[PDB]
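Just so you know, the sequence shown maps onto residues 30 to 150, 164 to 178 in the authors' numbering. For every residue, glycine included, the Cβ atom is placed at its ideal position computed from N, Cα and C. Structure record follows, encoded as structure tokens.
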Amino acid sequence: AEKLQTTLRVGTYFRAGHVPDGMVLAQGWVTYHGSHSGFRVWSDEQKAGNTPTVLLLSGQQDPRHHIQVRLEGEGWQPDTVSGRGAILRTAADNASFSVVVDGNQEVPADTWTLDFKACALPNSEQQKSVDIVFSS
Numbered sequence: 030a031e032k033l034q035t036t037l038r039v040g041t042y043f044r045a046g047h048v049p050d051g052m053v054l055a056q057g058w059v060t061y062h063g064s065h066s067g068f069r070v071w072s073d074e075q076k077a078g079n080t081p082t083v084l085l086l087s088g089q090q091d092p093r094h095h096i097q098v099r100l101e102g103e104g105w106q107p108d109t110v111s112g113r114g115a116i117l118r119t120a121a122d123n124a125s126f127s128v129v130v131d132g133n134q135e136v137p138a139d140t141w142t143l144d145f146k147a148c149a150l164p165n166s167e168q169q170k171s172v173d174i175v176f177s178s
């Protein structure tokens, strides 16, 4: 019996300060070796009902600290049907996506929780959580 597996790997030496759009902060993976037509990944931190791939994270030390990121990857499309997250149509057992800075930002020193959930086309195997640390 095959299970859908997820992993999430975060970069490591991030400096608080000016951050450019496109800077990769984390990479995610989804795995499912059963029969499927694609993968869907979304997050509860999605910014607004009209931005399926854009997330807004709040700081642990100060919730007023925000960082805005987007889900990205070759082949991933915004899920316009559900309006939540990104969709990739593939029979491949493995898929991967990036979480990147969305818009030039002044990121303060704090820690942010990055959560995402994945579906093969949620239990404790379909979701993952990491902390993103920006230091001064």
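1. In chain order, which continuous runs of the beta strand (DSSP E) of length 3 or greater are located wholly inside the region 86-133?
2. Using the beta-carbon count (16 or more within 10 Å), is residue 53 buried or exposed?
3. Counting only runs of 4+ residues fully inside the region 48-92, write out the alpha helix (DSSP H) ranges in chain order.
4. Taking only three categories from DSSP, how would you classify residue 32?
5. Shortest alpha-carbon distance to residue 74 belongs to which of 148, 168, 114?
6. For residue 150, which three-state DSSP category applies?
7. Check whether the Cβ atoms of residue 171 and residue 144 lie closer than 8 Å to each other.
8. Look at the alpha carbon of residue 97 and the alpha carbon of residue 130, and state the distance between them as a whole number of angstroms.
9. Name, in chain order, the residues that DSSP records as bridge partners for residue 46.
10. Ignore the nearest five residues each way along the sequence and tell me which others in residue 32's own chain have a CB closer than 8 Å to its CB.
11. Quick check on DSSP: helix, strand or coil for residue 171?
12. Using only the alpha-carbon positions, how far apart do residue 99 and residue 132 sit?
Quick look at the numbers:
1. 95-101, 115-118, 123-130
2. Sequence index remark: in the sequence shown, residue 53 carries index 24 (1-based). That one is exposed.
3. none
4. Locating residue 32 in the sequence shown gives position 3, where the first residue counts as 1. Correct three-state label for residue 32: coil.
5. Translated into the one-based positions of the sequence shown, residue 74 becomes position 45. Among 148, 168, 114, the Cα nearest to that of residue 74 is on 114.
6. Within the sequence shown, the letter at position 121 stands for residue 150. Coil at residue 150, not helix or strand.
7. Here residue 171 is taken as the residue at index 129 of the sequence shown, counted from 1. Here residue 144 is taken as the residue at index 115 of the sequence shown, counted from 1. Yes, the Cβ-Cβ distance between residue 171 and residue 144 is below 8 Å.
8. In the sequence shown, counting from the first residue as 1, residue 97 sits at position 68. In the sequence shown, counting from the first residue as 1, residue 130 sits at position 101. For residue 97 and residue 130, the distance between alpha carbons rounds to 6 Å.
9. By one-based count along the sequence shown, residue 46 stands at place 17. DSSP output for residue 46 lists 136 as bridge partner(s).
10. As a position in the sequence shown, residue 32 is number 3, starting the count at 1. Cβ within range, chain order: 61, 167.
11. If you number the sequence shown from 1, residue 171 lands on position 129. It is a strand residue.
12. Within the sequence shown, the letter at position 70 stands for residue 99. Within the sequence shown, the letter at position 103 stands for residue 132. Looking at the two C-alpha atoms, the distance is approximately 9 Å.
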